[PDB]
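Considered here are two forms of the same protein chain, supplied as structure tokens in two stand-alone entries, structure 1 and structure 2.
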Structure 1
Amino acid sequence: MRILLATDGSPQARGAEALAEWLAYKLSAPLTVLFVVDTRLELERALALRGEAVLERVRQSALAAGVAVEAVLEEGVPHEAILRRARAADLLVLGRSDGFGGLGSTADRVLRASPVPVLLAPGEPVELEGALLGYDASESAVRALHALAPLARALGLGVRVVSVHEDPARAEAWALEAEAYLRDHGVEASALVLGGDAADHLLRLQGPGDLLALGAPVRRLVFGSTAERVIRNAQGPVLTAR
């Protein structure tokens, strides 16, 4: 399992960088760190001088942590490079820093065409104590379900499945289908059947210590969707898939 960390050196990305090194550490997986000198913005040597620095900073912080790491410097449009590099990965980790969920234009573009799940980390690091899954049995929820299972299993996290619908019978079938799958993959889980507003529940249910997984399909990558409000207001790490 190969992890890809895309960081822009900023302080807001410190969380993502930290969460990637920890994940690589736990999962015992190799880690690739990518800095993309935004050529768009001579003085370029300045934007490029820092990138190398940001890399060595992150690179050795991991080398020390005992994580197989490789640093990669590149120049050009960030999301373009991030998306290309993602094909050689299984999990993509980004630092939060109006675009989707206020993640900015770059992170916004990545989420729109990433070949793999995308982990959105909060600014301030933290310890993963649990996990949850927003599930409605839609294609992107299924991918989120499948992406979450191995991570939950390896990190020892129980998973609270969260289904929301006007009809409790529909929502119960979804929650159970997903709970069954997680159990069939060695994950401890429960099914929460609720009504009302999905984003409210998910935001209520997730503390800074919880990893929330949810599908984020292109048709719901617009301001106002459930996924959009969750990611924008998420307190802890969010795992998305399409």
Structure 2
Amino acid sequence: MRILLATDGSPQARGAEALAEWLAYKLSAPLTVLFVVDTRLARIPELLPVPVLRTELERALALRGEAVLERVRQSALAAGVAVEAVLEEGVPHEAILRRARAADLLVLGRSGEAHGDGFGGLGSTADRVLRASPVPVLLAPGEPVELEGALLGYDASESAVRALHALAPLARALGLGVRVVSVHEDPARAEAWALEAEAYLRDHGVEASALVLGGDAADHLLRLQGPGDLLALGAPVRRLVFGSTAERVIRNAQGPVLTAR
């Protein structure tokens, strides 16, 4: 099981770096650390000796990238993790998505270099990656935190099924029980969803419990997540004005989130 950590070396990415290393160690899984030299920054001179200016900027960005990679590589080696570092140039989300094809789990921070420590939202690189990634994406808040619990938003939709299947191995390897949350006005429908997810988890060596609720799903999922709880759910598709369930959950999440498509 290959873990791919994407980091821009920013404070907001520190939690992701720590979590990826912690997971690699706990799961005895190899870790690939990726830093992308942002062409959107290097191209600024062009949007305005432009080739020279662009080269000078790329050189600075690449050197910063090498420093970040070396720092994480050093940390990972110290932890006893089999780590490899990759430095590429391009649009961050595109490069990350390309490298994701060879990974089994991605770990990114909620935000990065562009936002201060007061930002509770999601950066655009993280947003674009989770919406198009072929493999599960784990978004970690800036402040490092261990995964001490797990909950799953399950409505039996295709993506919820993928989230369910993606979560099982992680919960199993970490010894975490999973709280299945199924929300619907029809209690019989929600119950059927919950029992299904619980059966799957138990069949895969994971303890599970369920909460069959009515009302607003996003609100319930957000309120039930503790700072160390991994909240797993299907990734959003449409970009709704008021936001779909997953959009509202991911934007306001207090703890680590695992998305799957």
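We call the rigid core the largest set of C-alpha positions that still match within 1.5 Å between the two forms. When a residue number appears, read it as a position in the sequence of structure 1, where counting begins at 1.
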query: Index of the chain form solved in complex with adenosine-5'-triphosphate, chosen from the pair; finding: 2
query: Sole residue of 221, 234, 23, 13 shifting 2 angstroms or more in CA between structures 1 and 2, core aligned; finding: 221
query: C-alpha positional change at residue 78 between structures 1 and 2 - rigid core reference, Å; finding: 1.1
query: Cα displacement of residue 103 between structures 1 and 2, core-superposed (Å); finding: 2.1
query: Core-aligned Cα shift of residue 198 between structures 1 and 2, given in Å; finding: 0.5
